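Enquirer: Residue numbers (the deposited numbering), protein chains in the order written: chain X, 371 to 421; chain a, 283 to 376; chain c, 183 to 243; chain Z, 5 to 290; chain V, 268 to 500; chain W, 305 to 454.
The structure is given below, and queries will be raised subsequently.
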């Protein structure tokens, strides 16, 4: 449920506590931008159809 | 005397040099690092005392001769990488 | 060339009692080079890597 | 102690003038002058200077003459023109100090106790920083060695107050580089840095060779400081750093890639817009 | 195979042509047993098909791609076999790809007996014949993709191999041929798979970005380079 | 005894009590013992607190210098059992006294914080910036000695 950041390994009977690193916003702005530019490249197609 | 890169010191090697048992190499470094003769850190799982120095010692002709021979290598690399940049970016270098 | 009669002066008496003379600066090498040091950086500069904490923030920004 | 001696642009442009005044006719070595300037917390501000008749002889290296009355009277005039300047040291364009510097410095100590001599290498125009600032200290050399006069070194930096800054900026106005840098100038900033680091390391090597070959005295101090720099190296081969370097190099490439793509789609869009432009005008011509 | 070896296809070529040459080279490469490159060119050849004009070319390429992929140990994309134009055309290959995943050799032979003759006209029967004695590879890949330390005796059970000894040559061979990334520790008969690493901390992502950025920058130059400013009228 | 608490070095409790316990607790005619550590109920509690206070300082020196000290070797160095030493560190970490992550599986008490990439290179950058400063400062000192020792 995302209560605490950890993992339960059963083969050693241990709960591996750790720290969640951020979601590195920069990559999220790039992935959103890629889709953005993916849509613009489409609208370039339509200008290309006019020839 | 470390080779620099291998700045870590296995507990055995320190205990063998000073003929001091491994249980007290842990405290010997504890002191030497306490007065200010070192700026490293101590590991126990491996018991290799990672070393970083800020306390220099007086030198010697052979020590300086040795210290300069290393530095001739260092300027050789610094020169080589400079050429590999100036030659590479001649058009852009402007 | 090098100027046209400035209005903020033509009113205070020009070509009527005082005329301007073209002003030209005799800068020569060995003087420009010593002035270039005013903002010249140094060898250390250009190899300093910025700092990554504000670089990542800047790249993200 | 003086943390810095900030030499204003006007002084190094009068010294250059001072060197030219004489060398043009009376071919001679270093031209000596007085350096005026206002004090600060510890950073001595050099704001102006003037020449002092100085004649020297290569024999005995102590048959010189630095005029006293000219130095006294000159400053008598200048404190009239501007009162924020006090005599603070001297300058000589001879790149290498002389044996006469200590004795003459003692003289200028008679006008300012904390006298700093600034060597301006007027003739050279090279890597940079044409000023080298020196003080006078007489210490027991802690580590059991003869006492002597010697010139200790003080960090020098060249700055500009507002008024001279405006004049200087126009004075170049033909070779100034863009402040933005741009990719072209930034990279040149690094080929320049590499050339220096090699050049500084080569001065270090020659001296180490000199001490290694004996031709110079093992300082026993500052000698191991160079040993300090030799331990402060990064040791990049370390695995945990090797991983952490690829992450940031990879962290940046994904931004240059996104930067590259945007510049490409814009490029294509600009050709499609242009292909329409000339074509449409092509049909519209008929 | 020679002619392509010495000849160089003009890089600045018509899309229509670039698509064609890629198929023929793919056909040649596939026969020459250079499978892995056959897929890369054929998939690239397919990508260059003139969107929707050539119902045929897309039909034949998909025919080789499905058979080419099978011989390499990869189950082809299902969205292929449902598409309108290639629906009935590739349906003959459909029964095949189902056979390979099922690994029911009896089913595989049955299809070649019936639909096999049609393959010849497509010029693929020979390639299918390679597969009939290569159906074991994929199941070796399926086992290596899911299991990470499967004991050899278990591999024999899950691939129908007759003996635990027989799998060893096949298990190694698939390991030997780079269809797997595993090491067979014969000391105790277990096919360990390679411990996968955090790639983002290694240099793989940078290299993938370089090939990307070089093309992105090149596109800018190609766009800018032509730009065809008509001689100002 | 005052100096030991300002000396940034490990101080074994058993050494301290064996060395200062008699003079402090018992006292003598020459050494007029104090009531702080007397045999009374409140005194003994203070003596437990001295063993607690001594242990904590041994922790800080452990945290300042060590990076990964095994729990047992840490137990020996505090004069506590494996379990108690675990509790005392835990009570410290919960109260934010020190930074510790007891990897109870292997008996490791790692102290160094997780190293973020932005700091790892940034620390390396700081080393280089200091090194570049040393190269200039040592160069000027070198150009100084060439001038003076003509």
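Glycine included, each C-beta is placed from N, C-alpha and C at the ideal position.
Report yes if the C-beta distance between residue 206/Z and residue 449/W is below 8 Å; otherwise report no.
Expert: no
Enquirer: What are the residues in the stretch 204-225 of chain c lying within 9 Å of chain Z by C-beta distance?
Expert: 207, 209, 211, 212, 213, 214, 215, 216, 217, 218, 219, 220, 221, 222, 223, 224, 225
Enquirer: Closer than 7 Å, Cβ to any Cβ of chain a: which residues of the stretch 338-371 of chain W, in chain order?
Expert: Going along the stretch 338-371 of chain W in chain order, one finds 369, 370, 371 with a Cβ nearer than 7 Å to chain a.
Enquirer: Using a C-beta to C-beta distance shorter than 8 Å, which residues of chain Z count as neighbours of residue 229/c?
Expert: 194, 197, 198, 201
Enquirer: Are there 16 or more other CB atoms within 10 angstroms of the CB of residue 365/a, so buried, or fewer, so exposed?
Expert: exposed
Enquirer: Output needed for residue 383/V: all residues of its chain with C-beta closer than 8 Å, excluding positions within five of it in sequence on either side, in chain order.
Expert: Apart from the 5 residues on each side of it in sequence, residue 383/V sits with its Cβ closer than 8 Å to the Cβ of 392, 395 in its chain, given in chain order.
Enquirer: Among 485/V, 468/V, 386/V, 415/V, whose alpha-carbon lies nearest the alpha-carbon of residue 252/Z?
Expert: 468/V
Enquirer: Would you call residue 358/V buried or exposed, if buried means 16 or more other Cβ atoms sit within 10 Å of its Cβ?
Expert: Taking a 10 Å sphere around the C-beta of residue 358/V, we find fewer than 16 other C-beta atoms and assign the residue as exposed.
Enquirer: For a quick check, are the C-beta atoms of residue 67/Z and residue 54/Z less than 8 Å apart?
Expert: no
Enquirer: Does the beta carbon of residue 305/W fall short of 7 Å from some heavy atom of the ligand FAD?
Expert: This structure simply doesn't include the ligand FAD, nor any ligand for that matter.
Enquirer: Along chain c, which residues have their Cβ under 8 Å away from the Cβ of residue 425/W?
Expert: Within chain c, the residues near residue 425/W are 231, 234.
Enquirer: Can at least three beta-carbon pairs, one atom from the stretch 16-35 of chain Z and one from the stretch 89-106 of chain Z, be found at a separation below 8 Å?
Expert: yes
Enquirer: Beta strand (DSSP E) containing residue 27/Z: first to last residue?
Expert: Looking at the DSSP string, residue 27/Z is not in any beta strand (DSSP E); the run it does join, the alpha helix (DSSP H), is 13-27.
Enquirer: Are the Cβ atoms of residue 340/a and residue 372/W separated by less than 8 Å?
Expert: no
Enquirer: Kindly list, in the order they appear in chain a, the residues whose Cβ is closer than 8 Å to that of residue 188/Z.
Expert: 374, 375, 376
Enquirer: Quick test of your reading: residue 160/Z and residue 137/Z, contact by CB under 8 Å. State the CB separation rounded to the nearest angstrom.
Expert: 4 Å
Enquirer: Under the rule that 16 or more other beta-carbon atoms within 10 Å means buried, what is residue 472/V, buried or exposed?
Expert: Residue 472/V is classed as buried because its beta carbon has at least 16 other beta carbons within 10 Å across all chains shown.
Enquirer: Who are the Cβ neighbours of residue 406/V in its own chain at under 7 Å, not counting the five residues just before and after it?
Expert: 370, 426
Enquirer: Chain Z partners of residue 478/V, CB-CB under 7 Å?
Expert: Within 7 Å Cβ-Cβ: nothing; residue 478/V doesn't reach chain Z, min ~10 Å.
Enquirer: Along chain c, which residues have their Cβ under 9 Å away from the Cβ of residue 434/W?
Expert: None at all; the shortest Cβ gap to chain c is about 11 Å.
Enquirer: Closer than 6 Å by C-beta to residue 134/Z: which residues in its own chain qualify, once you throw out the five before and the five after it? Chain order, please.
Expert: Taken in chain order, the residues that qualify are 124, 125.
Enquirer: Need the endpoints of the alpha helix (DSSP H) that residue 487/V sits in, please.
Expert: 471-493
Enquirer: Run through DSSP, which three-state label would residue 427/V get?
Expert: coil
Enquirer: Return the first residue and the last residue of the beta strand (DSSP E) that residue 366/V is part of.
Expert: No beta strand (DSSP E) contains residue 366/V, which is instead part of the alpha helix (DSSP H) from 351-369.
Enquirer: Please list, in chain order, the residues of the stretch 65-84 of chain Z that have any C-beta partner in chain c closer than 7 Å.
Expert: none
Enquirer: In the DSSP assignment, the alpha helix (DSSP H) including residue 393/W goes from what residue to what residue?
Expert: 386-398
Enquirer: Please compile the residues from chain a whose C-beta is within a distance smaller than 8 Å of the C-beta of residue 224/Z.
Expert: 340, 341
Enquirer: What first and last residue would you give for the beta strand (DSSP E) that runs through residue 192/Z?
Expert: Here residue 192/Z belongs to no beta strand (DSSP E); instead the alpha helix (DSSP H) covers 186-216.
Enquirer: For the stretch 247-260 of chain Z, which residues have a beta carbon sitting closer than 7 Å to at least one beta carbon of chain V?
Expert: If the cut-off is 7 Å between Cβ atoms, the stretch 247-260 of chain Z has 247, 250, 251, 253, 254, 257, 258, 260 near chain V.
Enquirer: Assign residue 422/W to one of two classes, buried (16 or more other C-beta atoms within 10 Å of its C-beta) or exposed (fewer than that).
Expert: buried
Enquirer: I'd like to check one pair, residue 101/Z with residue 70/Z: are the Cβ atoms closer than 8 Å?
Expert: no
Enquirer: Can you name, in chain order, every residue of its own chain whose Cβ lies under 6 Å from the Cβ of residue 461/V, other than the five neighbours on each side?
Expert: 448
Enquirer: Taking C-beta to C-beta, are residue 231/c and residue 436/W nearer than 8 Å?
Expert: no
Enquirer: Who are the Cβ neighbours of residue 324/a in its own chain at under 8 Å, not counting the five residues just before and after it?
Expert: 308, 311, 312, 315, 331, 332
Enquirer: Measuring only between beta-carbons, confirm whether residue 282/Z sits less than 8 Å from chain X.
Expert: It does not; no Cβ of chain X falls within 8 Å.
Enquirer: Can you tell me where the alpha helix (DSSP H) holding residue 233/Z begins and where it ends?
Expert: 229-235
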